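As structure tokens, one chain now follows by itself in the form deposited in one PDB entry.
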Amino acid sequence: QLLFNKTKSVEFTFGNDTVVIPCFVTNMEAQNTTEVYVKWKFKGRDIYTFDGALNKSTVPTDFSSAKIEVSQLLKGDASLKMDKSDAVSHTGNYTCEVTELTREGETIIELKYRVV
């Protein structure tokens, strides 16, 4: 199964530019992004999905800014990116679930918000 360079939490303030939640698969073997599916879950909801087969992303309305850098996906990088509005509205535990061919794995990151 897929393996992750794990990270317990990340922290942002309103001085951040964009909020980035890291997700890194070490043992990535895919050759085309069609072989990969990326799902980001927050409090049960799928708040971001990338369907590599259909080259198609999906975010709900309150996460209108969420995205991953598909150009980086084959290096093992499924890191979620969003703006400050969406991030401060949704602080808590995020799940990064990656599917590659017949393998899958997930990892958890906590998004922390610090007031200066």
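Heads up, when I say rigid core I mean the largest set of C-alphas that superpose within 1.5 Å between the two forms. Shifts are known only where both forms have a C-alpha. For every residue, the number given is its place in the sequence shown, counted from 1.
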Mean C-alpha B-factor higher for 25 to 33, or for 40 to 48?
25 to 33
Could you place residue 90 in the lowest, middle or highest third of its chain by Cα temperature factor, using the values in the record?
middle
Tertile call for residue 79 (CA temperature factor, within chain, third-based) is the lowest
Ranking the modelled residues of this chain by C-alpha B-factor as given in the entry, is residue 115 in the lowest, middle or highest third?
middle
Ordered by C-alpha B-factor within the chain, which third holds residue 102? Give me lowest, middle or highest, please.
highest
Split the chain's modelled residues into thirds by Cα B-factor; residue 66 lands in the lowest
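The protein also exists as the form deposited in another entry; that form is not presented, and the subsequent description refers to it.
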Comparing between the shown form and the other one on the rigid core, is the C-alpha shift at residue 104 2 Å or larger?
yes
Tell me which consecutive stretches, at least 3 residues long, show Cα shifts of 2 angstroms or more between the shown form and the other one after the core superposition.
101 to 115
